[PDB]
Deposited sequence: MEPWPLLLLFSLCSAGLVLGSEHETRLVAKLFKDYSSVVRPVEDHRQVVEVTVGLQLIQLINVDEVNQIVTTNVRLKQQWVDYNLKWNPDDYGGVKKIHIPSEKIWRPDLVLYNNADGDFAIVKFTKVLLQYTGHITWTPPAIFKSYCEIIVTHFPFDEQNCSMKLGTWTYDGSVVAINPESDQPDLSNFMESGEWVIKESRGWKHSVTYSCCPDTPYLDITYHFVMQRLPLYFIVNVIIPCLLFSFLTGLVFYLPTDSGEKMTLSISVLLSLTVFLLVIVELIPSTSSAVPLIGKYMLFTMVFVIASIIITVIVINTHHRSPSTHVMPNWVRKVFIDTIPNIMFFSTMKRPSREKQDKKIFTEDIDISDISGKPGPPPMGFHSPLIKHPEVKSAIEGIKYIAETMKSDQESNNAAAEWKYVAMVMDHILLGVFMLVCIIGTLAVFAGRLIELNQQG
């Protein structure tokens, strides 16, 4: 402490943090950079931003911060404020709504050889193109491009500490699993600086979403309502409640469209899987409503005003039922005429009832075929939209 006080006084007597810390200006400052991911705070899909808690370990040698421990009581390593010394100016290129550079200036560990290890913390808010093509079963390849802003590769060289980010202290996420993580070094020529390539290290993270929450809270209700859609065709017309069921299902699916459209970004690069399913099921419900209205209109066909066409009697009464229950004194004379009139009226009523029953039978055969077709279409559409991705995810091991 007395020894270290004397050492610290000596080291910064004539020190400069402006110049690069090399004996000769023609040399390159060799910086080792290693990213440690502590926590994946958030993946905002709507705003396409990833929030992470990181430690940006930076190692380099300062030529002018060496000493002999024998002259200072054997002190071999010290901790000093980072603001006093030259540091590399690492910037996150793809910063979205956070800070470009480190702002938390923690201490550096300085060895007697001049080696410096500075491990600042950071909250990175980085851009990420969110591909929603398979949401909620989607995989996101995000990145963190880090580089010295003002120093080109000929004066400061950054090298990755490791091929991969350090996940040894990573906190497990309840929403995402990091499948793969890599760190690649790149040299890039920018139009601003034609002849001086600048270096960067890009850390890539491939992450798979855990889909349980969205399955339970979104998909299952939609499946329930879309299954209820097909049941209008088994519900009798005389119930007077076909429209109630179908229209209430439609309104519920609209209210769920609200949630689903707030859950995704408004980009046009691709239509999401959940969006495709919602549009398909809305069109499914609307077709069911239209066909149900047609069926109801067929069921209530007045035999007096409407006459059964021959093609209807051939298609729905003769052919389809085979494919798929049963087919198809003045006073005394005036009183006698009255009894005869009553009998004739009963005859006319019976014939009218039979014609109405024929119309109702046609409507019901339509209902049976439609129940079968709509249950098959619902099941097969759901599978055609989901199984393609689910099989792939099950295959991915």
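Peer 1: Can you give me the gaps, meaning deposited-sequence stretches with no C-alpha coordinates, in sequence order?
Peer 2: The deposited sequence has unmodelled segments at 1-20, 345, 350-388.
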